[PDB]
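There is one chain below, alone, in structure tokens, taken in the form deposited in one PDB entry.
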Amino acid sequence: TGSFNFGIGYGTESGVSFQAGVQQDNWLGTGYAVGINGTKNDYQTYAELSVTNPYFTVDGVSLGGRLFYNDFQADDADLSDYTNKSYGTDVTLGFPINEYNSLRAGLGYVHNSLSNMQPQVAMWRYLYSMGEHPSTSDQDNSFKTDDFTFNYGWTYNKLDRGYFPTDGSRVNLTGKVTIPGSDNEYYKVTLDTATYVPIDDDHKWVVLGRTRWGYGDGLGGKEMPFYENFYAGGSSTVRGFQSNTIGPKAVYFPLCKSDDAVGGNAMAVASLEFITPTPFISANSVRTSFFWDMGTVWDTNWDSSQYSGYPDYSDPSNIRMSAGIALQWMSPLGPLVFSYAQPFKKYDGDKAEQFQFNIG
């Protein structure tokens, strides 16, 4: 009837990651799958109780409802320090359009508890836009928000196979906008694409093109909260750069430059990867590839005139670049990804991290 699970992984960005869950399909004969799941890594803990009916209608329209909690510690994610403890509830409806496309629309409630904020310009500029004026000389602060959102998504998946695709595309579009009554007033949109184009008949030589776009902004005079910022850098965005390093850096208050990433409300990542046959013994379990990764994160509300003695963090043209080699293998400890990359285009304060890996 039901099942339970526990998992352990390891990677350069997350450290040791733990996962645990209990699922009961058709709980009490209701037609709803009931799940209790949790994750934990070096910088974040997440937990949720979900209730899901994949056949809310006999045609496959699905209904999901959940209660969740998230604890994020930003210094553990190599950002300027803050603690963000959140909880809430989401209701979502999934709509199959055809074999390759599904849509989703939902409503969300989240309460955010911000604390341990080390005073910095971008963060304090967001707080001022919210009517909040905390002390710039101490980390003793608290900022709470309650947000109601309309959520939407589109998933396109026409890959030939899920593990080691050789042909087709995967497109994920997400969006959200606050509803009147929220403390915050903003929208945020994400677009991820992956396209595999095989070169030879046997699909052993494949070209992968990947893009990641993110844009959010405040509606009215309020800004998008810094705790919804996009980040770039690491194994999944621009290899050869430490996780979340790309983009704006904190400008602390005593006017104080730094190399602590803060993220931004705009992001663009692009990547060209050449999957080749694995050298040495042979073959369907190992994927060798050579890549060119690029990315930029920026702050569209960075006031360069007021801070002309600092780098212009509203500039999108500071494109970071790296080149390297990756190896993927389904190992007895789970999926394994190893990369060695060299940042051949970095900007001041960017942290390099040539060898990166993930297990699970």
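In case it trips you up, residue 1 is the first one in the sequence shown, and so on. In this text, rigid core is short for the largest set of C-alphas that superpose within 1.5 Å between two forms.
One more form of this protein should be noted, the form deposited in another entry, which is absent from this view; the next part is about it.
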Exercise. With the rigid core superposed, which of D75, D217, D146, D192 has its C-alpha shift by 2 Å or more between this form and the one not shown?
Worked result: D75
Exercise. Hey, does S115 budge by 2 Å or more at the Cα between this form and the one not shown once the core is superposed?
Worked result: yes
Problem set entry | Core fit, then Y310 C-alpha moves 2 Å or more between this form and the one not shown | no
Exercise. After a core superposition, would you say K204 shifts its C-alpha by at least 2 Å between this form and the one not shown?
Worked result: no
For this session: Check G21 against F338 at the C-alpha atoms and report closer or farther in the other form, compared with the shown form; the change is 3 Å or more.
Result: closer
